[PDB]
């Protein structure tokens, strides 16, 4: 059951974290001089799946692909078919996340949770339906469908842990998905749609007004409950967004770290933390999306991204780009010399 899953998410190991902090303080450098790299190492040390120490074994980026019915409301400029096309390209390694993941030594897992097209060979099949319902006139899916996908994705995720994966990255693919993402952010943060609706994948500025209106309509018609993350996801979210939330719950249950990506991932993280606050300690920010509603989303998650690249591609491209940073924290921890060894004393 999902209740068991949520109930079994482990709390951070404070004992391992204390030993980490002490060790970092004794390294060949002025105490605290490596700033957020030190904080990151301690965070990792508290994750039970890492065996009491900051370490990175195998790396995987999970890309959840699906189509959205709200695409018919004219909120996206790319043809709907671009989702299926790009999902296929993911298997050929020519996409942005594939190239960056290869650069970071990570494997890309492409999962189809609801693409509106024939099944794509090479893509993991977990499709709920051929595209989710149009949120502007009703819910994206039933609560049952949402919970089922959460469970399936979380199981898939923690199963990879048995294959040596210790670091996850989340990603997505789905034309028009920045619309339900904005709706969710508006609902969870209590912000007006206008403040969190962006241009997504180059939406013309003249078409923004319509996008804001669609978001408002979706909310008014569905009346999602902000205190129920599953309610929000099933009503104004999408299969892809649900899948991303599932990776976060899965990794957390597995006691492992997850790298967030951009705007879509922020909306999924808001939902995950609402569903289970215990997931928070396992989330690691990557970059600061150029999407309008990024600042608001990040503020509610109390997260400060490490990378400011004005990126807005999605796919988990930002998550892959940050993996080297996580490895750097581990390298610092394990490979630096110690002050005592050089007889140096620094207050």
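Numbering follows the first chain given and starts at 1.
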Got a sec? Mean C-alpha B-factor, which is higher, 328-336 or 7-15? 7-15
Highest mean C-alpha temperature factor of the two stretches 294-302 and 37-45, which is it? 294-302
Can you tell me which of 262, 205, 246, 174 has the highest Cα temperature factor in the record? 205
Highest CA B factor of 289, 317, 51, 286, as deposited, is found at 51
Residue 266: CA temperature factor from the record, placed by chain third, in the lowest
Tell me, lowest, middle or highest third: where does the Cα B factor of residue 242 rank within its chain? lowest
Among all modelled residues of this chain, ranked by Cα B factor, put residue 86 in the bottom, middle or top third, i.e. lowest, middle or highest. lowest
Going by the recorded CA B-factors, say which third of the chain residue 100 sits in, lowest, middle or highest. lowest
Can you tell me whether residue 278 has a C-alpha B-factor in the lowest, middle or highest third compared with the other modelled residues of the same chain? middle
